[PDB]
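Note sheet for the following structure.
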Amino acid sequence: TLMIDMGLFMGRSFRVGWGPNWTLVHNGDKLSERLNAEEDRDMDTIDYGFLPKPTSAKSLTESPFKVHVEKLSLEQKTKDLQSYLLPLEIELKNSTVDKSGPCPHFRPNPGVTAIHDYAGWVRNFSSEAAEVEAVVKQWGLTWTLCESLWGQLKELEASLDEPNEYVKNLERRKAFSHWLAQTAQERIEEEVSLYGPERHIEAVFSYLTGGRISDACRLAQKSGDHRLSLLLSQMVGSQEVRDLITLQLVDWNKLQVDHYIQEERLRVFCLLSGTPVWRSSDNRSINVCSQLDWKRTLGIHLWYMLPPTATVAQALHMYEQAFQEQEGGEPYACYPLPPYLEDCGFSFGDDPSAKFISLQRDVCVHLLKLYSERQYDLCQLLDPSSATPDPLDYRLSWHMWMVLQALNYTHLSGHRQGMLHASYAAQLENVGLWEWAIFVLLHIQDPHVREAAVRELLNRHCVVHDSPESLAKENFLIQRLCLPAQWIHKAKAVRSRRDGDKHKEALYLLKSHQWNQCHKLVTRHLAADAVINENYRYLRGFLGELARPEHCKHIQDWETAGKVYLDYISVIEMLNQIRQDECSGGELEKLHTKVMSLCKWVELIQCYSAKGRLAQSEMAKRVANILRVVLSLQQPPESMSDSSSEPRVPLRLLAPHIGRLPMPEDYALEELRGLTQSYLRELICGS
Amino acid sequence: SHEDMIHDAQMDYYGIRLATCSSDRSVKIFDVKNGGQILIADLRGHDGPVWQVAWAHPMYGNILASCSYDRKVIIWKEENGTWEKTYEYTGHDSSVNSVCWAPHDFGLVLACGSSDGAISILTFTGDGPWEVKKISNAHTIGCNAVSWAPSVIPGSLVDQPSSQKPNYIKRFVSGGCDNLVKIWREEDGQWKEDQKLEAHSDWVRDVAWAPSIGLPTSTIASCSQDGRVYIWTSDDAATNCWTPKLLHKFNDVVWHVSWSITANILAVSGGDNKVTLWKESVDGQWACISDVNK
Amino acid sequence: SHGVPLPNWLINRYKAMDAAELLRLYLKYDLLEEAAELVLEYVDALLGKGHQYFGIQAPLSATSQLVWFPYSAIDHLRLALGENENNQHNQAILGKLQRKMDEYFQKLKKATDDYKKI
Amino acid sequence: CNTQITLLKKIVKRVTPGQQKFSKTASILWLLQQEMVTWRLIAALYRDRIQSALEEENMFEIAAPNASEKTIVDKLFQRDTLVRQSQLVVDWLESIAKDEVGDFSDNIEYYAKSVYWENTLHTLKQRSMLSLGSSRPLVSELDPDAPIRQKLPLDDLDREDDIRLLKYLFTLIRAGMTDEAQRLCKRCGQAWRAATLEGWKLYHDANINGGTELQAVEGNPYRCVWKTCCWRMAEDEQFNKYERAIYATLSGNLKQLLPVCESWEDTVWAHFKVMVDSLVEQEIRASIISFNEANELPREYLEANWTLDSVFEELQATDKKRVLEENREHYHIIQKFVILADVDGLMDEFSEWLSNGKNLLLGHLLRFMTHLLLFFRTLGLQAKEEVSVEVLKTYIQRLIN
Amino acid sequence: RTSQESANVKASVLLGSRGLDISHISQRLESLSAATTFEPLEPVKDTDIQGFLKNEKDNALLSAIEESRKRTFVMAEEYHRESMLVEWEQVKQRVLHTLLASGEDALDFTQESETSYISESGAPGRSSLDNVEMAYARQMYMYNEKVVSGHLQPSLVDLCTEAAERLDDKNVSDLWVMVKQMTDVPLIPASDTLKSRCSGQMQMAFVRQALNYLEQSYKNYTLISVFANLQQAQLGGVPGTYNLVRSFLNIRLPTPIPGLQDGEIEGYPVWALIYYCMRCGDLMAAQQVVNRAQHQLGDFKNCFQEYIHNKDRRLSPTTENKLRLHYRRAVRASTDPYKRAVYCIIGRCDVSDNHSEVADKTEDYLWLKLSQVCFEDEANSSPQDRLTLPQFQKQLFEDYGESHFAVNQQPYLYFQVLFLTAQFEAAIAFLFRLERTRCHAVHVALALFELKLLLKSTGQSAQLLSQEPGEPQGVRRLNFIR
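Listed in order, the protein sequences are those of chains A, B, C, D and E. Here our numbering is used: the first residue of the first sequence is -7, the next is one more, and so on. Here our numbering is used: the first residue of the second sequence is 48, the next is one more, and so on. Here our numbering is used: the first residue of the third sequence is 216, the next is one more, and so on. Here our numbering is used: the first residue of the fourth sequence is 16, the next is one more, and so on. Here our numbering is used: the first residue of the fifth sequence is -8, the next is one more, and so on.
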C-alpha cells in the first residue's frame, strides 16, 4: 500500500498479542504461509482446523482486514511421546514427594543410578525403535559423557575399584576408551563402505583414530597385508619405538625421500610417531588432522601423545592449548563445536581470528573442564543446544546436573538453575503433558512463587468436564502425585462460576469448603431454587454438613438462615413420614413445640431479592397450608385428643410476630378470614 | 468485520472468547470453540477512537476496560453472555492512552495514563466505588506508556513459604514524552520517586517488563522513537544498579513491546510492518528468534 | 440497494453527526468528489470556522502538538483515485490538496518549534 | 517491662537497614507489648471483679424523672455490672490508642493547609479573572454538601488533602482524641464539621444556685431524634469512608461499621461499642418515662439481647479471615479467657501448649503463666495443679539454664 | 501565574499567520516582557488589533492587581516577621515556664551504636563457597604458583578482572577497571600508607596520578557515551580527537541554555568546548579550539595557551596576583559558569561554583574540587583554597555524610571517593560490610599488600578497627591480622 508518508504523529497503529496454549494472536500474517500451500484467511489454529464460522472478512478494494492466530510447531511428529516420557518415568524414582505446602513439594532424590537408568534406557529405546532422531543420539552422547565423568559403569561394578589416584585416572581413561568404542561404531560402518584396499591408508587413518587395532589387523590379514599388520602392533609399542621413528625420520629428512614418497604413508608415520605437525626441509607442514572428530583428536592424544595409560586432565590441557593460542602462535588442534555447527564446517588449528569469528564451544569439552578443576565457572556447560540443533529437550542435561548435585558439584547460580527448570517445564507445557510439567517444576525451592506457577498450570489445564480420561487424570493426580483436591476443586469451581453449571459450582464449593462465600451464594440462589423445585436431597446434605458448629464458627449469619431452612425441611420430612406410618404422639408433641417456636423466627427472615421474597411468600403459603392440615389432623379421626373443647388460641402470642410481615391477598383472604373468627372469640372472651 | 485495522485484540484466560478493538469506533467480540467462532457482540460507546482494552484476573471473573480519544474510559462487565458498559470515566484533557490491570494479588485496580502529563489509577471494589489515585505533574509533558508491578517475582522469596502471604508493596514503571522514563513506589497513601531515567534523548514509545519469574533481577525493554532499544536491568534498586544494554539497533522508529502470555518471549512492533520475536537466549544475549509480518 | 440519493435535511443533520462513516458510504458506490469536498471541509475546519457543521469544536487551536486525523481515509482517497483514474481534474485537485497539506505541516512544525521554546 | 519495651525499641531502631537478624528482636518486642496489654487487661478486669465482690449486696435501682437527665445518666452508669466491665475494657483499648497517639498535636504542626478548596478557588478566580475561563464544572458554593448536592466536581488536591485530614481526625476519633479533634477543626476551618461533631452530646444545666452562672449550656436536646435521623441517613448511604464510619459508629450500625474495622481489636471494640449503645439507650427509654413513639429503630435492633457471651460469639463467628487468624493467636486466646474465666478451656489449652513443649513457651512466657497462677492464688483462685507444676518445672528448667 | 508565555506563544502564532520573520516577533515579545503593555509611542502591531487589545487589557488588569497585591504582600510579610518574633517570644517563655514547673513542650534522646562483629562459615565437598569463589580459586592458585616459584606474574588486579567478566558481572569488571586504572597510574610504595601520606612529595605525585586518572576516566565515559550513541555521533568507530569532540558536542550540548556569555562556533558553545577539552585531557584539541576561538578571547587566548604550555597549570605569581586583583574587584560574577570557574581557578580563589551534578556526575564535582585545590594548605591571601586537605576529606566523607549526593545507598560512588582520597583502610572495612563484597575486598587488599601498603593495629585479640596516637587522629588503624 502506502508507507511513504512521514511525520510526528501516526503509530498508534498495529500491535500483537499472546494467547494460552503458547499461541499468538496477530493481525500479522501467519507462520504457515511457509509450511503449506493454497492458504486461507483468519487462520486461527496451527496447521488446519479453523472452522468456517463468522470472522473478519472484507473485500479487496481498499485492502480488507483479518487476524491469524497460530500455535508455533517445531520439528517432526511421529511418536515424540516416549522420548520425553521415559526420562520422566525414571525421574519419578529419582524424585521425592515432600508434603509441605497446600500440596506436596518435590525435592531431589538422585545418586549414581539416576544417569544409569536414563542413559541405559536411551540405548534401550534406541534399539527397540529404529526411529530415533539424531538429536536423540546427541542427548545419548551427553548422557554417556556425563556418566564417564561421574557415573559408575557395570564393568567396574563387576570388578572391585581401587582408590589410588592413578587407578582412578586409568579407570576414567579405560571407560573413555569403551565409550569411544561405542561411539565410533557407526563412523566405522559409514566409511567402511567408502573405502577399500585402494583407500587402505585412509582406512589406516580411521583405524588409528579408533585405536581399533583388533579389527584393523583382521582386515589386513583377510587381505593378506602382512607388513601393515606388523606395523599395527608397533603403534602403541614402547617409547623406544618412537625413538626409532624420530631418528629414522630425521634420516629420511636428510635423504629427501619424501619428495618421492606420498605423504599418505607419511601421515601414517606421523600418527605412529606422535608428530601432529611435520616441518619438512622445505618447511612443508604435514599435519595429521583429517575427517576426524575432536573426540578422535583427544583419543589420539591419549593413546599416542603421552603415555596412553595417563590421566584425563593433563591430556585435555595439552589438547586445549593445542587448538588454542600457545604463545601468540597459531592453534594446531581441533576447536570443539556443537554437532549442528560442525555440520557447518570445522577447524584443525591455526588462524585464531577464524576462531574468533563465531565458533562457539562443544559442551562435552566444558564437562571435562568441570571434571578437571573444581574452580570452573561451569557456565560453559549450559544450553544443551550446543550438540543439538535447538534446545528443545533439556532432559538429559537436566538429569545430569541433578546427578551433579548428588556428586556435590555444580554449585552454580540458582537463579540460572531455576530459570532452566522453567525452560524445561516450558517444553513440557508446550507438548501439553501437564502432570509432567507440574512435577518437573516441583523440584525448586521458591515456595509461593511455585504455588503461583502451579496455579497458572491448574487454570490452564483444569476445565470442568465429564470424561473417563479426565477421571483417570485425577487418578494419576492422587495415587502418586498425591495432590490435595483443594486446588482442583478451587479451579473447577471458578470454571463452574464462569460457565454456570449450578450442580458443579455447588458441589465443588462444598468440596473445597469455601464456607462463607458458598454460604452467601447458596442463600442468594440455591435456597429458593431447591424450595421451589422440591429437590430437598442435595441442599439437605449441604445444610447438614454446614450445620456443623465449626462451620457456624467460620461463617457469619449461618444461624440466620441456613439451619433455619434446614429446620423447615426436616420438620416437613418427619411430619410426612409420621403419617406414612401410624403416628405416635411422642413426636407429635415435638412437632407442636418446634413448629410454634419457629413461628417466632419466621419473622426474622430478611429477603434482599425479589425472587428471595417470592420464595419467602411461597414458604409462607405452604406453611399456612400444612399448619391448617396438621391443626385439623392433630385430632385424629379415631383417636381424638380433646373431647369437644374449643381451647384458647395461642394467637395472643402469634399475632405480635406474624403481624410484622405482609401477605398476598390471594390466600391472605382465607387466612385472614380464619383469623377473623379467631379474633371474634378472642375478643368476646377478652380481658 | 471491522471498518478499521486492529490495534489490539485479546483472547481470554481460557482461550474461548476474543475481544478485538480498532480505532473503528467500536469493538467486536467472538466466542471461540472447536476452531470456530461466532461474533457474539460489537460493543459501541467510545466517542473517541479506541486503542486498548484490559482484561482482569479469572478469580474475579470476566472484566474489560477500554480507552478512547474522547478522554473516556469505558468499563465493561460480562453477564449471561452479555458484556456491558459498567463504569465510565472522563475528566481528561487529552486522549486517555494507556490502561492496564494490576495483578489480582494487589486486586482489581486499573492503571490509567494519558499524555496529559499526569496519571490516575482507579480501583473498583467489584461492586462498589472507583477509588481514584491521581498524580499530577507525573510528566512535564505527557504520559506515553505505563507498566505495573507484576506481583510475584524471585529475588528474596525463596525463604518465604507458600502457606503465608507476604507484604504487597505497590510499584510500577512508565515512560513519557518528556524524553524521560520514571519508576514509582507507593507509600504514605501515595506514590513517590523511585527512579528517573534519561537515556533516550527522544520520546519513549513502549516499555516491556520482563516477567522475571526465575529472575532476582529487574529487567526492562524500552523502545523509543530514536531507534534505540535499551535493556535496563538492576539486580538491586537500593544499591542503584540499573544499567543499559543494547538489544537491537533498528533504524525505524521503534514502536511496541509486549511479553508473551507464556511469559517467555517478547514481541516488538517495528517500523517495518513487522513484529520481531525476540528471546533472551539461554546463554547471555537477546536473539530475534522469529518474526511475524504484520 | 434500490439506487436512491439522499435528502438535504438528512445530509445536514447526519453531517453534523458523523463524517467518515458517510465517507465510506461514498466508498460503497463511488461518491468520489463527494468525499473530496468532505476532505476540503476537514482541512478547512482544521483551519477553523466550520467544525459545527460536523458537530465538532475546532475554530483553530494552539495547544495540541498533534490531534486525531483521518489520514487513513485520505490514502483511501488516493487509492480510489488510482482505482478509477479517468479524472485528471480530480487528481490535480488531489495535488493542490496535498499542497494545502504541507502548508498545514509547515505551520505545524512552526508551532511545534514554538512550543519547544517553552 | 515498658522500660524494657523501650530498650528493645532502641535496639531495633539502631539496627541498620537490610538486617532481619533483629527482626526476631522486633517480633519478640511485639510479643512483649502483647503480654503488656494482657497485664493491663487482667489487672483492671479483676480489680473490677474485686470491687464487685466487695459491693455485691446493693446492685440495681429504680426511680422516676424528677431532675436533670444527668441524674438518669449517672444512675445508669452506677447500676449495672455488665456495662461497667464493658466500659472498663473500652477504657483499656482506648488507653492503648491514646498511648499510641501521644504528641500528634505537635506532629500536625507540619500537615497544615488553611485555604478552603484552594484549587477550585483559584480556578474560578481565573475564569472570572482572565480572557479565557475553563471548560471545567465546579461548585459556586463552599458548602460541605455543595458538590454532592449540586453533583458538581471538586479538585483532586482539594479532596485529597481532605482525605489526609480525614485520616488524621478519623484516627483521632477512632481513638476519641477529642481535644486534638477540635484542635484540627480550628486549624483547617471546618468549624461547621466541629459543630456537626456535637449532635450527640447531651444537654444539662444546674444553675439553680447562686447568681446566673454556667453549670451547663451544652448543645441541643434534640439528640435522641437526631441519632434516629443519623440512623436513617445511614440507611440512605452514599458516604465517604470517614463520615460513613464515624456516624455508623455514632449509631452503632453494624453493617456500615463492617467496612472499616477489620482488626481483632477493632471487631471486639465494635462488639462492645454496639452492645453498650443498645443497652444504654434501652435504659434511657426505661428511666425517662415514655412508651410511645419518640424514635424509630428496626424491631430486631430493639429486641436484640446483650451479654458478654455474645462478645466472643460474634468475635468467633466473624467470617473475616483477619479476625479468624487473629483468634488463634495466643495472646488473644489468653486475654479472652481472662474476660471469660474459662478455667477448663484455659487448662486444656495450656495442656496442648505443653504437649507442643516449651520451645513455643519461652522462659518469659512460662514466667508470665507463672504470675498468672500467682495472682490466681493471691485471689484464692486455684488452677489445675498438674498443669501448673508442669509449667513451673519447665520454667525452672529454663531458670537453671 | 501561568501568564506571559501562554500569551506570547499564541501571539507569535497569530503574527506569523499575518507574516514577517521570527526576529521581529522575538523583539516584540521581548518588549512585551519589558515594562507594561502598550507602547508610549503606541502599538504598532499586526492584524487582529481588536483581540490584541482585549487580551492586552486583560493582562494589564492582571498586572495592576499583581502590583497591588505584591506591595501588600511586602507589608504583610514584614508583619509576618514581627508576628513570628512575638510568637517565638511567647514560645520561649512557654519553654521557660514548662522547665520551671517540671512541664515540657517535647524532648528526645537515645544512645548510639558500637561495633558488632559477625562472620560466615565453610563446608567441605558440597561446600559453603560459590562458583565465584571457585573461579577465584583458580586465579589465586595459578598466581601463587608463580609467587612461590619466584617468577614474575601479572597484577592480581587483572588476574581477577578476567576472572570476573566471565560471570557477566560487568559492574564488578568495571570496578576492576577503576582499580586497575589507578594501579596503572603508578603509586610509589612507602611501606605503609602512613609513610606515603607523611611524605610531601608522594602526596603531590599521588595528586598527579589522581588528576590523570580522573581525566582518563572522564574520557572513557565520554567514549562509552559516544559509542552507545554511535549512530547519533555518526562514526563507525572512526578515531580522531576533533571529530570525537564535535560529535560529543552534537550529543550532549548542541544547544545551550539562554543566558550564555560569548557566541558559539558554528553552533557549539565555546566555553563548553574548552571545558570538555580539559575534562577529556586532549591538549591538542584544546589548542585547536582556542586557536579557532582566539577572536572571542583576544589576549586571553594567548594567556590560556601559555597556561596550557605551563604544566605547572598556573602562570607566574605576579601575573596571578594582578589578575586576581582584577577579578576580585571587577570581573567576579557573570552569567557564564565556565567563565566564572575559569577566572576563579586561574586566580586560585573562590569556592562558590558548585552547579548541579548529583548522583551520576559527582565525579565531575570532584574534578571541580581538586582542580581548585591548591598545592599548599597554608593560608595565603586566598585562604579559601589553602586548607588542611585531610580534614577537608574527612568532613566530605562523614560530616558531609553520604545522602546529599545519595551515596548512602550506592556502593561504588562513595567507596571510589574514599579510595581516590586514599582511605584504603576504612574503604576496605566498608566493603566488608556488604556480604558479597568480602572476597573482592580480599583481592583488592592483597593487591595493596603487594604494593606494600595497608595499616596495622597492635594486638592479636584486639578488634579489627583501632585508632592509635602518633598517626593523625581519625584514621582508624585496621588490625590486618584480625
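Here a beta-carbon is modelled for each residue, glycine too, at the ideal position from N, C-alpha and C.
Item, Value
"Find the nearest neighbour of residue 466 (chain D) within the set D:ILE354, D:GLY214, D:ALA319, judged by alpha-carbon distance.", "Residue 466 (chain D) lies beyond the residue range present for chain D, which begins at 16 and ends at 416; the question has no answer from this structure."
"Taking the alpha-carbon positions, what's the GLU62 (chain A) to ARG237 (chain E) distance?", "50 angstroms"
"Scan the region 148 to 182 of chain B for residues whose Cβ lies nearer than 8 angstroms to a Cβ of chain D and list them as they occur along the chain.", "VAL179, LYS181"
"Give the range of the beta strand (DSSP E) segment to which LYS180 (chain B) is assigned.", "177 to 182"
"Output the distance between the C-alpha atoms of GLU318 (chain D) and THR211 (chain D), rounded to the nearest integer angstrom.", "30 angstroms"
"Note down, in chain order, every chain B residue with its Cβ under 8 angstroms from the Cβ of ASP171 (chain D).", "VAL179, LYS181, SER183"
"Of all the alpha helix (DSSP H) runs that stay within the bounds of the region 496 to 523 of chain A, which reach a length of 4 or more residues?", "507 to 513"
"Taking contact to mean at least 3 C-beta pairs separated by less than 8 angstroms, is the region 187 to 205 of chain B in contact with the region 156 to 176 of chain B?", "yes"
"Compute the distance between the beta-carbons of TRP279 (chain B) and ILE267 (chain B), then report whether it is under 8 angstroms.", "yes"
"Compare the beta carbon distance of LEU518 (chain A) and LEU531 (chain A) with 8 angstroms and say whether it is the shorter of the two.", "yes"
"Using 8 angstroms as the cut-off, can you tell me whether the region 411 to 420 of chain A makes contact with the region 160 to 169 of chain A, which would need three or more C-beta pairs spanning the two stretches below that distance?", "no"
"Would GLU50 (chain B) count as contacting chain C if we go by Cβ distances under 8 angstroms?", "yes"
"If we call anything under 8 angstroms between Cβ atoms a contact, is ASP173 (chain D) one with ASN134 (chain D)?", "yes"
"Quick check: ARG62 (chain D) and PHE75 (chain D), are their CB atoms within less than 8 angstroms of each other?", "no"
"Can you check which of these residues, E:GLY450, E:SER457, E:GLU416, E:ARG427, is closest to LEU437 (chain E) by C-alpha distance?", "E:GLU416"
"At the level of alpha carbons, what is the spacing between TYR204 (chain E) and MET169 (chain E)?", "9 angstroms"
"With C-beta atoms as the reference, is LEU375 (chain D) less than 8 angstroms away from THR409 (chain D)?", "no"
"Return the CA-CA distance between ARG257 (chain A) and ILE193 (chain A), expressed in angstroms with no decimal places.", "7 angstroms"
"From the DSSP output, read off the bridge partner residues of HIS18 (chain A).", "A:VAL8, A:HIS60"
"Would you verify that the beta carbon of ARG314 (chain D) is, or is not, closer than 8 angstroms to some beta carbon of chain A?", "yes"
"Under a Cβ-count criterion, where at least 16 other Cβ atoms within 10 Å of its own Cβ denotes burial, should residue 694 (chain A) be classed as buried or exposed?", "Missing from the structure shown is residue 694 (chain A); chain A here goes from -7 to 679 and no further."
"At what residue ranges does the region 147 to 215 of chain D contain a whole run of the alpha helix (DSSP H), taking only runs of 4 or more?", "161 to 165, 171 to 189, 193 to 203, 206 to 211"
"Closest by CA to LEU143 (chain E), which one among E:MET133, E:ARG188, E:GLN407?", "E:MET133"
"Considering only DSSP beta bridges, list what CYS270 (chain B) is partnered with.", "B:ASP253, B:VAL276"
"Can you list, in chain order, the residues of the region 59 to 75 of chain A whose Cβ is nearer than 8 angstroms to any Cβ on chain D?", "none"
"What does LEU11 (chain E) touch in chain A if you count any residue whose Cβ is under 8 angstroms from its own?", "In chain order: nothing, as chain A lies at least about 26 angstroms away."
"For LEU558 (chain A), report the span of its alpha helix (DSSP H) as first-last.", "550 to 572"
"Tell me the start and end of each unbroken alpha helix (DSSP H) in the region 98 to 149 of chain A that is at least 4 residues and wholly inside, in chain order.", "106 to 120, 126 to 141"
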